[PDB]
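A.B. asks: Partial complex here, more coming in a sec:
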Amino acid sequence: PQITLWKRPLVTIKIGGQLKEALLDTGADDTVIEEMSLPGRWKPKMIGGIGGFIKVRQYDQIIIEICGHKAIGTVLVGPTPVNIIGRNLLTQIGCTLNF
């Protein structure tokens, strides 16, 4: 779909059998989700944003279905104010900016 930006670009996702809403975020290099119990192995990681940084758990090769388009990639999980779909997954669903 084509999405205008008068409101936040929130979409429904399904990940790890759970339904969530997440922001399509072209400023984010990586995907960062609120605390959830993704199964399997991981690696602690530090990421920085406006405000400073947070500690996250890095999960690789995780399936996410982002507005009905499947993608597999790294998902960081941690103390975020908002679930963020970053460019690592946006590129897999074919997302572009246009003006």
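C.D. replies: It's in. Numbering: from 1, shown residues only, chains lettered A, B, ... in the order given.
A.B. asks: Can you name the element that comes right after whichever strand or helix holds residue A:12?
C.D. replies: Assigned by DSSP states H and E, residue A:12 belongs to strand A:10-15. Scanning forward in sequence from strand A:10-15 by DSSP H and E, the next helix or strand is strand A:18-24.
A.B. asks: about what we covered before: so which bits of the strand holding residue A:12 are buried?
C.D. replies: A:11, A:13, A:15 (16 or more other CB atoms under 10 Å). Using the backbone N, CA and C atoms, a C-beta is placed for each residue, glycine as well.
A.B. asks: and what of stretch A:67-75?
C.D. replies: Neighbour-count burial for stretch A:67-75 flags A:67, A:71, A:73, A:75 (criterion: 16+ other CB under 10 Å).
A.B. asks: here's chain B, drop it onto the model above:
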Amino acid sequence: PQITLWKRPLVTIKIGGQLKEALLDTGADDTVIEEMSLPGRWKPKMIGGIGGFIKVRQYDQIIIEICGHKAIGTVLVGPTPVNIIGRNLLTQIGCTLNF
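C.D. replies: Now chain B, sitting on the chains shown earlier:
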């Protein structure tokens, strides 16, 4: 232009007579720039991101030319890692997401 997301969506801006590069950021409600000496009145403001928050100066009705398209709006100025063009200005240049 149409912009893919394999790299950061950086564009050239001109603001306050100065040339800068900024990120087209659909996840940001507001526009936040690194410290610069925008002339005129303003109001101190707190904004939150990943990591916590920062204090900024809020400047209204500031002209910015974002990849050649003019826009006027609020610009927050403060201690950001990266210059961010948020939706307040993206909507003025007609920016959409597409997949």
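A.B. asks: please look at the buried residues of stretch A:67-75 again, because chain B has been put in.
C.D. replies: A:67, A:71, A:73, A:75 (16 or more other CB atoms under 10 Å in any protein chain shown).
A.B. asks: Same check on stretch A:45-52?
C.D. replies: A:47, A:49-51.
A.B. asks: ok, back up a step: remind me what the strand holding residue A:12 packs against, helices and strands.
C.D. replies: Counting contacts by 3 or more CB pairs under 8 Å, 6 or more residues apart in numbering or on different chains; DSSP states H and E, strand A:10-15 is packed against strand A:18-24, strand A:52-66.
A.B. asks: quick one, what contacts the closest residue to residue A:15 other than its chain neighbours?
C.D. replies: Spatial nearest neighbour of residue A:15, excluding adjacent residues (CB to CB, 6 or more residues apart in numbering or on different chains): residue A:64 at 4.5 Å. The neighbours of residue A:64, taking CB atoms under 8 Å, 6 or more residues apart in numbering or on different chains as the test, are A:13-15, A:31, A:70-73, A:75, A:85, A:89.
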